[PDB]
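Colleague: The following block contains the structure, expressed as structure tokens.
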Amino acid sequence: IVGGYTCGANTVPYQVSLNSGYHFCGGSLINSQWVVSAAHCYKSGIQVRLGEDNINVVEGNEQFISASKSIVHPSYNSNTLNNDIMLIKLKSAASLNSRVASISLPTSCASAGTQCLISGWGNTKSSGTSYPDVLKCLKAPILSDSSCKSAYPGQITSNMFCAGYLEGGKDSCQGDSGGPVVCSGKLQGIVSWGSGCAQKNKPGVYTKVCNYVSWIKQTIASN
Ligand SMILES: NCc1ccccc1
Ligand SMILES: [Ca+2]
Ligand SMILES: [Cl-]
């Protein structure tokens, strides 16, 4: 997260860290045994880390659970990043409490202008590399489809939306991928891609979760 602020220990209870010897992507807990993340975060040997704040120190409240299965959307395209969504099933159910809780799936899509909370342990610098120890937060509005498509001509599909600031300075970045975009208590987006980080006229692009609610529920129901 570039231009964000320290969230505060366990203030984003649904945030998860995907780990394989190091943090490589974020995710969101949607129920005691399932996590939603980005398809481009897929890899084998994933350990899901819940209740995390400082990812480099065991502080208490953490729950480490191996992924039993990762389900990349069958229509995921790695070149266009369309359908950039993945479901991860935990080997065992997480213990839900005030520090580890699930986030609700949307019943409807969010409109432009809606303020959302984006979080992650991604890069905090636009020009350079600097990874934080503690979870960073960022409040950012969903942009109009017109502005989004003008920023990325011919690259925005109906399954994506832009969020952030056109003047640059605040954005999601590498390492934040797969993380949550929560608006009004509902998971509306998944950190997916963009051109650089916090650059002028190049807002972050996110997977539009409201288009996948039926797919998520039907997939979870059969696994
Ligand atoms: N600034 C958007 C973004 C998100 C994840 C990775 C790279 C860039
Ligand atoms: Ca920790
Ligand atoms: Cl059905």
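Identifiers for the structure tokens are assigned positionally: chains receive A, B, ... in sequence, residues are indexed from 1 per chain, and ligands are indexed from 1 in the order shown.
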When DSSP works through the backbone of this structure, what residues of range 98-206 of chain A end up as helix (DSSP H, G or I), shown as a list in words?
Modeller: residues 145, 146, 147, 148, 149, 150 and 151 of chain A
Colleague: Identify, counting only C-alpha atoms and all ligand atoms, the protein, DNA and RNA residues located within 12 Å of ligand 1, and give them as an MDAnalysis selection string.
Modeller: chainID A and resid 1:3 24:26 38 40:41 81 84 118:126 161:166 168:181 189:207
Colleague: Pick out the residues sitting within 7 Å of residue 210 in chain A, and hand them over as a PyMOL selection string; count only C-alpha atoms, and ignore anything fewer than 4 positions along from it in its own chain.
Modeller: chain A and resi 106+108-109+188
Colleague: Can I get the selected residues back with N, CA, C and O atoms, as a PDB file, in the first residue's frame?
Modeller:
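File written: part_6.pdb
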ATOM      1  N   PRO A 106     -21.032  -9.291  -1.394  1.00  0.00           N
ATOM      2  CA  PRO A 106     -22.022  -8.298  -1.815  1.00  0.00           C
ATOM      3  C   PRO A 106     -23.309  -8.892  -2.382  1.00  0.00           C
ATOM      4  O   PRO A 106     -23.313  -9.994  -2.933  1.00  0.00           O
ATOM      5  N   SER A 108     -25.186  -6.690  -4.186  1.00  0.00           N
ATOM      6  CA  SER A 108     -25.274  -5.830  -5.358  1.00  0.00           C
ATOM      7  C   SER A 108     -23.930  -5.141  -5.577  1.00  0.00           C
ATOM      8  O   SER A 108     -23.117  -5.036  -4.659  1.00  0.00           O
ATOM      9  N   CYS A 109     -23.701  -4.676  -6.800  1.00  0.00           N
ATOM     10  CA  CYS A 109     -22.458  -3.998  -7.143  1.00  0.00           C
ATOM     11  C   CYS A 109     -22.428  -2.585  -6.575  1.00  0.00           C
ATOM     12  O   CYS A 109     -23.468  -1.945  -6.429  1.00  0.00           O
ATOM     13  N   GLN A 188     -16.209  -5.962  -2.174  1.00  0.00           N
ATOM     14  CA  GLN A 188     -16.541  -5.592  -3.550  1.00  0.00           C
ATOM     15  C   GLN A 188     -15.411  -5.836  -4.538  1.00  0.00           C
ATOM     16  O   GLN A 188     -15.649  -5.959  -5.740  1.00  0.00           O
TER      17      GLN A 188
END
Colleague: Report as a list in words which protein, DNA and RNA residues come within 12 Å of ligand 3, using only C-alpha atoms and all ligand atoms.
Modeller: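 The residues within 12 Å of ligand 3, counting only C-alpha atoms and all ligand atoms, are residues 213, 214, 215, 216, 217, 218, 219, 220, 221 and 222 of chain A.
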Colleague: Enumerate residues in contact with ligand 2: an atom-to-atom distance of at most 12 Å, counting only C-alpha atoms and all ligand atoms. Format the result as a ChimeraX atom specification.
Modeller: /A:9-10,16-17,19,22-23,49-64,121,133-135
